[PDB]
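Peer 1: need a structure here:
(chains A and B, ligands or ions: 6)
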Amino acid sequence: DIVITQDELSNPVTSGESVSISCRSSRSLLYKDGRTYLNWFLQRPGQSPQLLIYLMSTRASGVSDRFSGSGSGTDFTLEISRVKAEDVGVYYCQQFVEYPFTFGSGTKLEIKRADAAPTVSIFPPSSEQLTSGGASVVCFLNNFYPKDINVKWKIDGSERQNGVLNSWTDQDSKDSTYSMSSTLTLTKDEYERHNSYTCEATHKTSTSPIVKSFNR
Amino acid sequence: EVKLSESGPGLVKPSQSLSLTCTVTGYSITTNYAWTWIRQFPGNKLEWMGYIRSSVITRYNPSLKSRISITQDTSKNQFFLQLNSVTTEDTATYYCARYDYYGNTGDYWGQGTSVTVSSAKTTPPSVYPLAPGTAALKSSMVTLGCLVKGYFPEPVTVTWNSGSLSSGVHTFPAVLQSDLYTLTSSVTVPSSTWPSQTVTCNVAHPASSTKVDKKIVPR
Ligand SMILES: COC(=O)[C@@H]1[C@H]2CC[C@@H](C[C@@H]1O)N2C
Ligand SMILES: [Zn+2]
Ligand SMILES: [Zn+2]
Ligand SMILES: [Zn+2]
Ligand SMILES: [Zn+2]
Ligand SMILES: [Zn+2]
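Peer 2: Residues are numbered from 1 along each chain as shown, chains lettered A, B, ... in the order given. Ligands and ions are numbered 1, 2, ... in the order given. Sure, the structure comes next:
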């Protein structure tokens, strides 16, 4: 079975510069008809794979001309010219010379850009959930960069670490930033035993953490 | 134009059988194209499962042994996927596509369908509105959200104002815990549009045939 390796990530590329993504095969993909059967796909988060290149260098219909492919027999390159925010996602190559057809592991295009402070919002539990016996306090940290971020919860001044769930989105297709959701879950009774709830974010964009809070 | 669309159960118990359907419109499947099934595991790994061409010819991935079968109903322009004795390792997103002799698929891929193999039970989600505590700085932006908690299995579709509200929306991946998922979504809008204009989050959970529309109202 033909194995195709791809680097997990690319060095971050600035919107505007050109980048090259590689793919290597364990066997040659040149067919007895003189054509090399290698495909290049781009998959955006939540989207289905979309063909960019087939036959190693032919661009698919409707595909932007900023995309071009080349290669020998075991080494292939996809060149993306004048990279833009929209190109973010994972790039896969696929061999179509021998059965079973196989895909490479995928290379995620990481975009580099100017640092940005996240917009922080904190939400008290809803009255609907409070009737169920549960209580979730939610905190949203939107559109920040770089992806590295630290969130801390405090109840009445003291740090609480249990009952906290976090979630991060993929790099944004429009402005190349990251977003994150942080949820603190307590029982309704526990939530009632306190008054001050705080969400603290620590980012590279500031020495002092961004703090958001409310009083029950 | 040509369109492919997968359909099938979203949850299956281990050892049982999996059946999926791909409906093709705008093009006949009795043609000599490789109407194929591909799947993507959690982790993004893609695997070729097999294909059917010219109505009566097929080929399958050897790793699927003798538990896969691909057939078609010409009168409905549909081809199917059958996978027997599944295990949790068969949990993935399933896609149908149309490959040609040269490997070109064009934009002929379905939206994909999620299949989970688990003994856990289907549970509808509870949708809770997230409105800000008090009034923030006026003449600016305001973020609202929805918390979709306790459902199984994935996925769940979340939209705002039936889709008419698209920009400024962030839906975060779900976090699994105790056989139950929790997901959140935020939307940012001018402090003017809200609460003057109504903002509603629409949540649909296919596995339970449930739909919820929760309007966001000021505290
Ligand atoms: C396993 O069969 C194949 O790969 C064939 C050959 C000929 C063209 C292309 C696609 C076919 O399925 N391949 C290079
Ligand atoms: Zn091998
Ligand atoms: Zn965004
Ligand atoms: Zn307490
Ligand atoms: Zn049509
Ligand atoms: Zn029939």
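
Peer 1: so how far does stretch A:108-128 reach from one end to the other?
Peer 2: The straight-line separation of the ends of stretch A:108-128 (CA to CA, to the nearest Å) is 40 Å.

Peer 1: now it: buried residues?
Peer 2: Residues of stretch A:108-128 classed as buried: A:108-109, A:111, A:113, A:116, A:118-126 (neighbour count, 16 or more other CB atoms under 10 Å in any protein chain shown). From N, CA and C alone the C-beta is placed, and that goes for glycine too.

Peer 1: what's the burial count for the residue in chain A that ligand 6 sits nearest to?
Peer 2: Distance from ligand 6 to each residue of chain A (CB to the ion) is smallest for residue A:48, at 27.3 Å. Counted by other CB atoms under 10 Å in any protein chain shown, the residues lying close to residue A:48 total 20.

Peer 1: nearest residue to it in space, ignoring adjacent ones along the chain?
Peer 2: Taking CB to CB, 6 or more residues apart in numbering or on different chains as the measure, residue A:48 lies nearest to residue B:109, with 4.5 Å between them; neighbours along the chain are not counted.

Peer 1: just the buried residues of stretch A:108-128: which are in helices?
Peer 2: When helices are assigned by DSSP state H, not one member of the buried residues of stretch A:108-128 lies inside them.

Peer 1: near ligand 6, which residues of chain B show up?
Peer 2: Listed as neighbours of ligand 6 in chain B under the rule CB under 5 Å from the ion: B:73, B:75.

Peer 1: switch the cut-off to 8 Å
Peer 2: Listed as neighbours of ligand 6 in chain B under the rule CB under 8 Å from the ion: B:73, B:74, B:75, B:76.

Peer 1: any idea which of the residues you listed is the one closest to ligand 1?
Peer 2: Proximity of the residues of chain B next to ligand 6 to ligand 1, judged by CB to the nearest ligand atom, is greatest for residue B:74, which lies at 22.4 Å.

Peer 1: hmm, back to that, quick check: the farthest pair among the residues of chain B next to ligand 6?
Peer 2: Checking those against each other with CB to CB, the farthest-apart pair comes out as B:74 and B:76, at 7.6 Å.

Peer 1: so what's the residue nearest to residue A:48 up against?
Peer 2: Contact partners of residue B:109, counting by CB atoms under 8 Å, 6 or more residues apart in numbering or on different chains, are A:48, A:49, A:50, B:4, B:95, B:96, B:97.

Peer 1: grab the nearest non-local neighbour of the fifth one.
Peer 2: Yep, that's residue B:95 we're talking about. Closest to residue B:95 by CB to CB, 6+ apart is residue B:112, at 4.5 Å.

Peer 1: and if you look at the fourth one?
Peer 2: Taking CB to CB, 6+ apart, and ignoring the residues beside it in sequence, residue B:4 has residue B:110 as its nearest neighbour in space, at 4.0 Å.

Peer 1: equivalent analysis for the last one, please.
Peer 2: The shortest distance from residue B:97 to any residue other than its chain neighbours is 4.7 Å, reached at residue B:109 (CB to CB, 6+ apart).

Peer 1: how close does the one you found get to ligand 6?
Peer 2: Residue B:109 sits 25 Å away from ligand 6, taking CB to the ion, to the nearest Å as the criterion.

Peer 1: ok, residue B:63 next?
Peer 2: 31 Å.

Peer 1: what's around that residue, how many residues?
Peer 2: The burial count assigned to residue B:63 is 11, neighbours taken as other CB under 10 Å.

Peer 1: spit out the contact partners of it.
Peer 2: Residue B:63 makes contact with A:100, B:47, according to CB under 8 Å, 6+ apart.

Peer 1: give me phi/psi at it?
Peer 2: phi -70, psi -20 (degrees, to the nearest 10).

Peer 1: which residue, other than its chain neighbours, is closest to residue A:110?
Peer 2: Beyond its immediate neighbours in the sequence, the residue positioned closest to residue A:110 (CB to CB, 6+ apart) is residue A:12, lying 4.6 Å away.

Peer 1: now for that neighbour, how many residues are close by?
Peer 2: Here the neighbour count serves as a burial measure; for residue A:12 (other CB under 10 Å) it reads 14.

Peer 1: again with the one 10 residues further on
Peer 2: Burial of residue A:22 is recorded as 17 neighbouring residues (other CB under 10 Å).

Peer 1: which residues touch it?
Peer 2: Residue A:22 sits next to A:6, A:7, A:75, A:76, A:77, A:78, A:107 when contact means CB under 8 Å, 6+ apart.
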